[PDB]
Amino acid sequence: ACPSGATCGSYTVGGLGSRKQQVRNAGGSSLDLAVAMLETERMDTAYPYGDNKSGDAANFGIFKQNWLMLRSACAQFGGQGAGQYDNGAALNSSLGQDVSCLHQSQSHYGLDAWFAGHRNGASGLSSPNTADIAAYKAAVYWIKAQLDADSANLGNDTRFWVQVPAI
C-alpha cells in the first residue's frame, strides 16, 4: 500500500529491465536504483538539459544530481564554481562517472543530509528536516522496499512510482 497518504503504483516500461542490470553493473545499489526509478522512467538522461535549471540547481545524470553537490563533493568537479555548471553534463554520457559521483556525494554529506540537498539544494542542506524532504525520502524508501522484497524487480521491466511534487 502507498506511503503516508501519497498516491503510488507500478507499470511496465519496455527495456527497463536491461537498463536496471546496466545500472547495477555500474555499481548501483538498490537505494541507487530506487532514486533513479523515482527520477526518470527509463533511467536515462533524456529529460531537458539541466532539467531546465541553471547554475547550482542544474540537474545531471540519471539521479538528477545537482551541480552544487557535484562540485562540492565529486573529485571530477573539484574547485569549480556555480557558473561552470555545464561541465556537469559529462554525467549525461557516462553512467560509470554518474554512479561514482553519486557515491562520493552520499559519502561527503552522509545519507540523511544528502537527501536534503538532493531534494532541495542549498536550502535543503541548511534546513534538512522539513516535511517535504521527509516525504521525498519516504518515496525513495518505499520504492526501495519494493525492490528489496522481490529480487525479480531488480531486473524486470516494472517501474514503481510515488507522486511527489516537482520543485
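All residue numbers refer to positions in the sequence shown, first residue = 1.
S.K.: When the C-alpha temperature factors are averaged for each of 41 to 49 and 55 to 63, which stretch ends up with the higher value in the entry?
M.R.: 41 to 49 has the higher mean C-alpha B-factor.
S.K.: In this PDB entry, which of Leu33, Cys101, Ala131, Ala122 has the top CA B-factor?
M.R.: Among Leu33, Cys101, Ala131, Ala122, the highest C-alpha B-factor in the entry belongs to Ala131.
S.K.: Among all modelled residues of this chain, ranked by Cα B factor, put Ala113 in the bottom, middle or top third, i.e. lowest, middle or highest.
M.R.: CA B-factor rank for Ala113: highest third.
S.K.: With respect to C-alpha B-factor, does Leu68 fall in the lowest, middle or highest third of the chain as deposited?
M.R.: Lowest third - that is where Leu68 ends up once the chain's C-alpha B-factors are sorted.
S.K.: Classify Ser29 as lowest, middle or highest third according to the C-alpha B-factor given in the PDB entry, relative to its own chain.
M.R.: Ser29: CA B-factor falls in the middle third of its chain.
S.K.: Ranked by Cα temperature factor within the chain, is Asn153 in the lowest third, the middle third or the highest third?
M.R.: Answer is lowest: the recorded C-alpha B-factor places it there.
S.K.: Would you please rank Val23 by its C-alpha temperature factor against the other modelled residues of its chain and give the third it falls in: lowest, middle or highest?
M.R.: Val23: CA B-factor falls in the middle third of its chain.
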